[PDB]
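Cβ placement follows ideal geometry from the backbone for every residue including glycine, while neighbour counts extend to all protein chains displayed. Basis: the model, the stated rules and, where named, an outside source; no laboratory instrument gave them.
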Amino acid sequence: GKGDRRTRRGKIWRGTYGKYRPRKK
Amino acid sequence: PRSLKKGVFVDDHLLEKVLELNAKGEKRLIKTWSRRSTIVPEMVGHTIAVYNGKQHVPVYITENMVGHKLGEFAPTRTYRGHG
Amino acid sequence: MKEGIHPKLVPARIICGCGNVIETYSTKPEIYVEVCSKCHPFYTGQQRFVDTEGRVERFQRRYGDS
Amino acid sequence: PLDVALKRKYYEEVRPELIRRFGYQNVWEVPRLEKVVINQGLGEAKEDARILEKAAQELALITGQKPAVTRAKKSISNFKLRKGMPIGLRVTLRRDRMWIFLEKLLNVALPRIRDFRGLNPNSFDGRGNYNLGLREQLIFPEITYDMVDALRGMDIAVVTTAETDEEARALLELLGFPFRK
Amino acid sequence: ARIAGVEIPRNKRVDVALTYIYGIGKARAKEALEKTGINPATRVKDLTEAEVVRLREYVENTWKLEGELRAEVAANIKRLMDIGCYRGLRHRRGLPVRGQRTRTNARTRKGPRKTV
RNA sequence: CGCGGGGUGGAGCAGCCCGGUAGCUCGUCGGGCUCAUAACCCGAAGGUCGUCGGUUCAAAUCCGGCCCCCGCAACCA
RNA sequence: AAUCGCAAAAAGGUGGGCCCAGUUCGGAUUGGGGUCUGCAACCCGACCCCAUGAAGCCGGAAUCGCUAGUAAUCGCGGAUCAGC
RNA sequence: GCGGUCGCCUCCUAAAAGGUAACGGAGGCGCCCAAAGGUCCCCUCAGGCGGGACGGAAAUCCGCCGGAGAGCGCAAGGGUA
Ligand SMILES: [Mg+2]
Ligand SMILES: [Mg+2]
Ligand SMILES: [Mg+2]
Ligand SMILES: [Mg+2]
Ligand SMILES: [Mg+2]
Ligand SMILES: [Mg+2]
Ligand SMILES: [Mg+2]
Ligand SMILES: [Mg+2]
Ligand SMILES: [Mg+2]
Ligand SMILES: [Mg+2]
Ligand SMILES: [Mg+2]
Ligand SMILES: [Mg+2]
Ligand SMILES: [Mg+2]
Ligand SMILES: [Mg+2]
Ligand SMILES: [Mg+2]
Ligand SMILES: [Mg+2]
Ligand SMILES: [Mg+2]
Ligand SMILES: [Mg+2]
Ligand SMILES: [Mg+2]
Ligand SMILES: [Mg+2]
Ligand SMILES: [Mg+2]
Ligand SMILES: [Mg+2]
Ligand SMILES: [Mg+2]
Ligand SMILES: [Mg+2]
Ligand SMILES: [Mg+2]
Ligand SMILES: [Mg+2]
Ligand SMILES: [Mg+2]
Ligand SMILES: [Mg+2]
Ligand SMILES: [Mg+2]
């Protein structure tokens, strides 16, 4: 959920990047 | 958690007075206003008086307070329960 | 012992982090124990694995040189 | 079965190392093991015997003896309990059958205790006997985890012929008892 | 089958059945899988006794878990309190340790309301 | 000092026979409706049972002593 | 700076996994290890990673919004601004 | 008169046999048990200390100490391992 910083959707919500949402297009 | 490292920030005015107390070897009450700084292992055994905004509180020092700051031992609260 | 009303109790086998425990002498011969800490695994044969005592020491060395 | 690894280890290992350590003039003076009493305090079964037989089922499976069902000596309100009612389960295992039981207790059970850094070195009752309390009946090899319905431990009372527990300590030590020093 | 201390997981899957251990999360689990060379997709319900023992020894030896971990945590807290640390005397009062506002929404750490 | 009935949340009442769990109304507290208070609606807290001893496994409850309350009696003289 | 960069749009779409489980739901709290801004993150910053996994299974009396590209739902940007 | 009492058991009063009075000091009975009965065989308490998961003053267990202070359906007495 948008509150689980340990996931894709969570990371998007906060607007940041990391292991669970890497910067790679 | 928490971090800042690759610097380990400690104020001078006390660090100088702490060192100047190891050489000559003299342990005495040392008043400070710097709670922004880390502690020891060169202060271990000194009674530094930390400031809580109101007045200096004498704080014993042991080798397990090392990693922390000085303010963590001089609370700014005064609570004493409710009701 | 009284006749009937009893478990058989018979020479048995056993398994662990070790290899084998022939002794046994119990009902249901041949058993697979999670970890017999008698063979040498765990605490005895004081392994002290995943050793510790970071605490002071840890913040000490990342401090002496930071 | 009159072999048993521990029964062997007592005579040809423990017994001699005990003599040269205390200097027993006679042959009998040296501490022998006798009588190991296992007792489940089971108030858990106040008004339901159905749960008391499943326990006995279990106790005999790990010991090799059907246990006797103790009954309440007196009526004691506060926590129910009147002069009757099955309020406990107890079995007294002696020579041989005690040996095979005490062996698995050391080489399997205790090892399976979550945590465990040794048994209490103060449970000696002064006159040279040792008591210990277990917190669940799954640490014994005979138990399958799929036969349980609820966790219930027990009291274990080991009795020794040793007049002092200073000596009673050595016996249990040399037998392979994991003490917390 | 029993792994750390005890804790018997089962069915569902293998990468999740490891999470049910105290000290193991999505990472530490999904890692030891391809480090002991085993397929997570399968269920602990079915797997060679061999695979079973690679796990227990790997995991139970790689790090500390269940009892050992818990024991270390409560041990760090004891120190924080023992020393007079603010971060520590917020453990005596059972209040939120990391900043936050206690004027309100502090329940989780403060407990159900005691209306007055 | 005769006889009878009592004493239980803050108020007034049950529960005591027959043992084993204390209930009702009001009030109090928190929230709601209202511009607002009350009414009204939704929630919650609160009594060791006058007292000391006794009986029983267990006492508001059965038994005894003491202290208070109410009622009746104190006649021939 | 339509001539570079923030920039990935998100839901959607395809494929696959979970199979009703306080559960790969939910991410609170907490332990540990770090990054960055700033003279300085104890009180009092944000962020990452490991572990922890909380209350919550749809909310009493009450009560709000909205008539169409509206309500719902999805992401993006800006001001302030060292960071937040 | 009013009040209390009226038969039965226990204790004291009762003066070391029995018995013995008073509106003398205190309690209890108007049942109960098909086993709480007969016999044979076994068994021995209460407490106190130490020991032992959930067990707490006290549930069940082990150790030593424990002549009866326990128990004997209910009062008291006598009796009794
Ligand atoms: Mg949503
Ligand atoms: Mg999630
Ligand atoms: Mg200067
Ligand atoms: Mg905050
Ligand atoms: Mg009345
Ligand atoms: Mg009243
Ligand atoms: Mg009545
Ligand atoms: Mg009301
Ligand atoms: Mg109100
Ligand atoms: Mg009275
Ligand atoms: Mg009686
Ligand atoms: Mg009373
Ligand atoms: Mg007349
Ligand atoms: Mg951006
Ligand atoms: Mg819940
Ligand atoms: Mg989850
Ligand atoms: Mg559900
Ligand atoms: Mg309109
Ligand atoms: Mg935004
Ligand atoms: Mg900004
Ligand atoms: Mg009359
Ligand atoms: Mg006489
Ligand atoms: Mg006794
Ligand atoms: Mg005792
Ligand atoms: Mg005791
Ligand atoms: Mg008697
Ligand atoms: Mg009698
Ligand atoms: Mg008598
Ligand atoms: Mg007598």
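Within 15 Å of the chain's Cα centre (by Cα), part of a helix (DSSP H, G or I) and more than 14 Å from every other protein chain (Cβ to nearest Cβ): which single residue out of D:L102, D:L89, D:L172 fits that description?
D:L172
Can you name every residue in segment D:60-82 that is more than 10 Å from every other protein chain (Cβ to nearest Cβ) and surrounded by 16 or more Cβ atoms within 10 Å (Cβ to Cβ)? Outline the logic, then answer.
If we filter segment D:60-82 for residues that are more than 10 Å from every other protein chain (Cβ to nearest Cβ), which is where we start, we get D:67-82.
Residues satisfying the conditions are D:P67, D:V69, D:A72, D:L81.
Would you mind finding the one in E:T102, E:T62 that is surrounded by 11 or more Cβ atoms within 10 Å (Cβ to Cβ), among the polar types (S, T, N, Q) and within 16 Å of ligand 4 (Cβ to nearest atom)?
E:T102
Give the residue, chosen from E:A29, E:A71, that is free of Cβ contacts under 8 Å to residues at least 60 places away in the same chain and touching a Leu at 6+ places or on another chain (Cβ under 8 Å). Working first, answer last.
On the way: E:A71 fails: touching a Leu at 6+ places or on another chain (Cβ under 8 Å).
One residue alone meets the criteria, E:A29.
Restricting to segment D:18-56, what's the tally of residues that are more than 14 Å from chain C (Cβ to nearest Cβ) and in a helix (DSSP H, G or I)?
The number of residues fulfilling the criteria is 13.
Results for (1) surrounded by fewer than 12 Cβ atoms within 10 Å (Cβ to Cβ); (2) over 20 Å from C:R62 (Cα atoms), shown as yes or no for each residue.
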| position | (1), (2) |
| --- | --- |
| B:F9 | yes, no |
| B:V18 | no, yes |
| B:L21 | no, yes |
| B:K31 | no, yes |
| B:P41 | no, no |
| B:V50 | no, yes |
| B:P58 | no, yes |
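Answer yes if at least one residue in segment D:5-17 is away from chain C (no Cβ under 14 Å), aromatic (F, W, Y), part of a helix (DSSP H, G or I) and loosely packed, with under 12 Cβ neighbours inside 10 Å, and no otherwise.
yes
For residues that are more than 14 Å from chain C (Cβ to nearest Cβ) and among the hydroxyl-bearing types (S, T, Y), scanning just segment E:23-52, find the one that is nearest to C:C36 (Cα to Cα).
E:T36
Being in a helix (DSSP H, G or I), over 28 Å from D:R117 (Cα atoms), of a type outside the set (V, I, T) and not assigned by CATH to the domain that holds E:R109 narrows it down to one of E:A41, E:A50, so name that one.
Residue meeting the stated conditions: E:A50.
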